[PDB]
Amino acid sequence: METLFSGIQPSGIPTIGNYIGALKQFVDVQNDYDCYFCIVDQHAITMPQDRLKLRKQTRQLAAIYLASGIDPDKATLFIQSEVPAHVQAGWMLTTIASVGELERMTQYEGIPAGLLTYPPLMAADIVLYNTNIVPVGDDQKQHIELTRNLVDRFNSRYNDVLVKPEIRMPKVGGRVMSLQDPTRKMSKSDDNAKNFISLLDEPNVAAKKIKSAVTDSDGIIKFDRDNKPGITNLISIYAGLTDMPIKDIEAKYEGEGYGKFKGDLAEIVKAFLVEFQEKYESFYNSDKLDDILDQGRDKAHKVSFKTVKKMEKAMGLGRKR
């Protein structure tokens, strides 16, 4: 069985685009892959953070993943700073990186040193768990390339300890675009709040954003990205939250206009968010949340401990006991 590792930034609420694109797919592939979902608070502080905002956001991300159906027995969901192996192996890999290498990553009071030196900590996050695949995109290519090069350098200079990972998302979900800029991907940090639907938007506010989505005044319910990216995007959201095949949405709305379709979807979005937020609140306001994250932390520690110890032996750190 292949191991998958995904890092999660506690710096913002996922959108429904993030839920359709990735999160809902993870609920399925956690049966077929050995999955690690790591809330990376030690990467978050490379950027300026309000310390209270950060602890709140960490809890929120954990409750959002659990509300999505990430199962803490099938998968390992944990907070990066609670597993010491990450900074232990982050330091080991830093000593074999070069400064020039790191400065080139930057390109692709003064500048915080964390922004130069986090990539080896990212590499450590991944290799500690013998990861085979990482579900990321184009703008992480150079980071995974550094990871693979560090694994080669470590295995070459010391001895075979670490495994090289690959960029692969096992089941690609739909791509959801900005609701009022259909050519741009949806983002949680848009200056135009009408562009995205947050998983924690009020369910009434979300249905309004479906209605305010930028489209023609009327038309056919047909999937056609190049000519009608507005209605097509909404069709993608419809498919993403109902699992109804696209051709079957088309035939269902044959002879219907935009008003009927957008009314129906605004209601689907409202219902999805009502059910989702009920689960989110119960996890987020529960005492079991801390129990869940404790067990996640212990699962990760047991695996990454063995990897760290093999690295230390290969570099001559510590003692032979």
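Quick note: we count residues from 1 along the sequence shown, nothing fancier.
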*Interval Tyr108-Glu109, deposited residues with no coordinates in the entry (none, 1 to 3, 4 to 9, 10 or more)*: 4 to 9
*Between 240-248 and 129-137, point out the one with the higher average CA B-factor as the PDB entry records it.*
240-248
*asked:* Test of understanding: from the entry's C-alpha B-factors, which stretch has the higher mean, 178-186 or 145-153?
replied: 178-186
*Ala63, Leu54, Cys35, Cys38, ranked by C-alpha B-factor: the highest one*: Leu54
*If you rank the chain by CA B-factor, which third does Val269 end up in: lowest, middle or highest?*
highest
*asked:* Going by the CA temperature factor in the PDB record, which third of the chain does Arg225 belong to: lowest, middle or highest?
replied: highest
*asked:* Which third, lowest, middle or highest, does the C-alpha temperature factor of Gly263 belong to within its own chain?
replied: highest
*Using the B-factor values recorded in the entry, state whether the Cα atom of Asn31 falls in the lowest, middle or highest third among the modelled residues of its chain.*
middle
*Would you check the entry's CA temperature factor for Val163 and let me know if it's in the chain's lowest, middle or highest third?*
lowest
